[PDB]
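A.B. asks: Opening with a subset of the complex:
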Amino acid sequence: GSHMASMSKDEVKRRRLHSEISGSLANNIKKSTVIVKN
């Protein structure tokens, strides 16, 4: 995908985004347990 959380956080930053941000491929794979492939 083309949207990363850091883009949102960077848009805000002093000040900072308190609420959490969806859903990137990288974030999903990093936390995943196992990949099943053909």
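C.D. replies: Ah, there it is. Numbering: from 1, shown residues only, chains lettered A, B, ... in the order given.
A.B. asks: tell me which element residue A:27 falls in.
C.D. replies: helix A:25-31 (DSSP states H and E).
A.B. asks: Convert the C-alpha atoms of that helix to CSV, please.
C.D. replies: Taking Å, rounded to 0.1, in the frame of the first residue of the first chain, the C-alpha atoms of helix A:25-31 are listed here in CSV:
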residue,chain,number,x,y,z
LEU,A,25,1.6,-4.4,4.5
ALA,A,26,4.8,-4.0,6.4
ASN,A,27,3.2,-3.6,9.8
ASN,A,28,1.0,-6.7,9.1
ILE,A,29,3.8,-8.9,8.0
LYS,A,30,6.1,-7.9,10.9
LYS,A,31,3.6,-9.0,13.5
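A.B. asks: Let's add chain B too:
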Amino acid sequence: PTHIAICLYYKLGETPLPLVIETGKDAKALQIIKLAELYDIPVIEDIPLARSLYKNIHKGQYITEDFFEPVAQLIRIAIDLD
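C.D. replies: With chain B added, the chains above now look like this:
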């Protein structure tokens, strides 16, 4: 398709059942597998299981009862390796 990859996520306290968090075919499948290798996520080839999951369980959906036994087996491998 030529290539299929299914990313499964199971974490006590977070997921009541294993969750298909990402799925892909062709270029997107190759991507998932390369990112899996980068992040040291175990990758297992099982052609019938990959095909059935791809057809039946969509991104963001929990696996259904027909998949409990084969998927749980893989989750147990991952727990062992971790």
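A.B. asks: how about the strands in chain A?
C.D. replies: A:34-37 (DSSP state E).
A.B. asks: got it, and chain B?
C.D. replies: For chain B, strands defined by DSSP E occupy the ranges B:4-9, B:19-25, B:43-45, B:61-62.
A.B. asks: Please name the residues that touch residue 21.
C.D. replies: Reading this off chain A. Contacts for residue A:21 (C-beta atoms under 8 Å, 6 or more residues apart in numbering or on different chains) come out as A:5, A:8, A:9. Placement of C-beta: from N, CA and C, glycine included.
A.B. asks: think we crossed wires, I meant chain B
C.D. replies: A:28, A:31, A:32, B:7, B:8, B:9, B:59, B:60.
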